[PDB]
Amino acid sequence: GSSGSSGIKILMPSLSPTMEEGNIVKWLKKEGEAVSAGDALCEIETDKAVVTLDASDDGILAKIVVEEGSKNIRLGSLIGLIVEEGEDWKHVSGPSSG
Numbered sequence: 025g026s027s028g029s030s031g032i033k034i035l036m037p038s039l040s041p042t043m044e045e046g047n048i049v050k051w052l053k054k055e056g057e058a059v060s061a062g063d064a065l066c067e068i069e070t071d072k073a074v075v076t077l078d079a080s081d082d083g084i085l086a087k088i089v090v091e092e093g094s095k096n097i098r099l100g101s102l103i104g105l106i107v108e109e110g111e112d113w114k115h116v117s118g119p120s121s122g
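Using our numbering, the final residue of the sequence shown is 122, and nothing's skipped along the way.
Okay, structure coming up:
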């Protein structure tokens, strides 16, 4: 089949200076909601302390790969994708765009 897309994959940031993994306590955003750089997305758990995952870019919470409650979230792990505000996060389709 065929299905191309271009979104923003969210990978576990190196919140800590020497962190091997994290733990999403609770998502501060929901799927379909907008996102703004700086704003808190979710709470990342770390040995150091309780840190929060801030948005690096502004977009719509396409989906959430890793939901809250997960523990031991190594780095470079997709926890959710973002979609340019407007884009049919749910599912795009029609004459234009796909």
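Every residue, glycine too, gets a C-beta built ideally from N, C-alpha and C.
Residue i versus residue j - alpha carbon distance
| i | j | result |
| --- | --- | --- |
| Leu77 | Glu67 | 6 Å |
| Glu108 | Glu92 | 23 Å |
| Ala86 | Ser60 | 13 Å |
| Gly83 | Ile106 | 6 Å |
| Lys72 | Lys54 | 26 Å |
| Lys114 | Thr70 | 32 Å |
| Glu44 | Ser30 | 28 Å |
| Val75 | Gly110 | 30 Å |
| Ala58 | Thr42 | 30 Å |
| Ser117 | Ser94 | 32 Å |
Residue interval of the beta strand (DSSP E) (run including residue i)
| i | result |
| --- | --- |
| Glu67 | 64–69 |
| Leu105 | 102–107 |
| residue 142 | Nothing about residue 142 can be read from this structure; the chain reaches only from 25 to 122. |
| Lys33 | 32–35 |
| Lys50 | 48–51 |
| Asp78 | 74–78 |
Beta-carbon separation (whole angstroms), residue i vs residue j, contact threshold 8 Å
| i | j | result |
| --- | --- | --- |
| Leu39 | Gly100 | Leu39 to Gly100, Cβ: 13 Å. No contact. |
| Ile32 | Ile97 | Not really, about 18 Å apart at Cβ, beyond 8 Å. |
Residue i - partner residues in DSSP beta bridges
| i | result |
| --- | --- |
| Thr42 | Its beta-bridge partners do not exist; DSSP assigns none. |
| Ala58 | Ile84 |
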